[PDB]
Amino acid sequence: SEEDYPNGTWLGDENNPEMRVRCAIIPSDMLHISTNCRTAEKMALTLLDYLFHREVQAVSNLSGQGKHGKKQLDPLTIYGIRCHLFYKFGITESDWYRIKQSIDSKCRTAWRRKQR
């Protein structure tokens, strides 16, 4: 619902209420991202940085499972990335499976940075 982020933007197709998610990204920032992120792979990781602070990435993963006892990244927010990539690039479930590896791998990089 728009109200959760009054100065924010929609992830995915605003005219399609089942595949939209209100988010905290401001219009000027969402403009930068669409200008700069010309592939689903590059938009996914840039969305990640605008939706989650690096300090959340360094403690969090997609499942919230594993040996490091990591927090799970907000599932509604992750669904919102899925909705933006499907809308912006018409990616498939097989692409999204690949993208999710890459989000988790970025999150491990951040954990390893805090580590080192």
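The first residue of the sequence shown is number 1, and the count goes up from there.
Here the stretch with the larger average CA B-factor, out of 104-112 and 15-23, is 15-23.
In this entry, 24-32 has the higher mean Cα B-factor, the comparison being between 47-55 and 24-32. Among the modelled residues of its chain, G66 has a C-alpha B-factor that falls in the middle third, as given in the PDB entry. Ranked within its chain, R38 lands in the highest third, by CA B factor from the PDB record.
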